[PDB]
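Novice: Each position in the sequence shown, counted from 1, maps to that position plus 86 in the numbering used here.
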Amino acid sequence: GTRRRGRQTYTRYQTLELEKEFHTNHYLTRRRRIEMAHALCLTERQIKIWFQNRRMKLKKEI
Numbered sequence: 087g088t089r090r091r092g093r094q095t096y097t098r099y100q101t102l103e104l105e106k107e108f109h110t111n112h113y114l115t116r117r118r119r120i121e122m123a124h125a126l127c128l129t130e131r132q133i134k135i136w137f138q139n140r141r142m143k144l145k146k147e148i
């Protein structure tokens with residue numbers, strides 16, 4: 087039905103579960119990414135995007 091959805095946003099529930107994750111680990115593995123697809127209930131590539139935009143927005147660690 088709806089496979090080609092056009093949305094470039096994220097919900098608090100996602101931004102949160104994604105924030106804490108990036109805080110604990112810097113790099114996400116293949117299996118680790120899938121583990122998030124369940125809790126977050128999103129595509130496997132969706133997570134990569136949040137990491138590509140986030141990791142790019144920030145730099146180094148204070």
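Yeah, the Cβ is synthetic: ideal placement off N, Cα and C, and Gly gets one too.
Looking at the structure shown, is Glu147 part of a helix, part of a strand, or coil, going by DSSP?
Specialist: The count along the sequence shown starts at 1 and reaches residue 147 at position 61. Of the three classes helix, strand and coil, the one that applies to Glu147 here is coil, per DSSP.
Novice: Can you tell me whether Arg91 is helix, strand or coil according to DSSP?
Specialist: If you number the sequence shown from 1, residue 91 lands on position 5. Residue state, collapsed to three classes: coil.
Novice: Using only the alpha-carbon positions, how far apart do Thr101 and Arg91 sit?
Specialist: Along the sequence shown, read from residue 1 onward, the residue named residue 101 stands at position 15. Along the sequence shown, read from residue 1 onward, the residue named residue 91 stands at position 5. Each residue's alpha carbon lies about 19 Å from the other.
Novice: Given a threshold of 16 other Cβ atoms within 10 Å of its Cβ, counted over all protein chains shown, does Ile148 qualify as buried or as exposed?
Specialist: The count along the sequence shown starts at 1 and reaches residue 148 at position 62. By the 10 Å Cβ count, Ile148 comes out exposed.
Novice: When we look at the beta-carbon of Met122 and count the other beta-carbons within 10 Å, is it buried (16 or more) or exposed?
Specialist: On the sequence shown, residue 122 is found 36 positions in, with the first residue counted as 1. Flag for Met122 reads buried.
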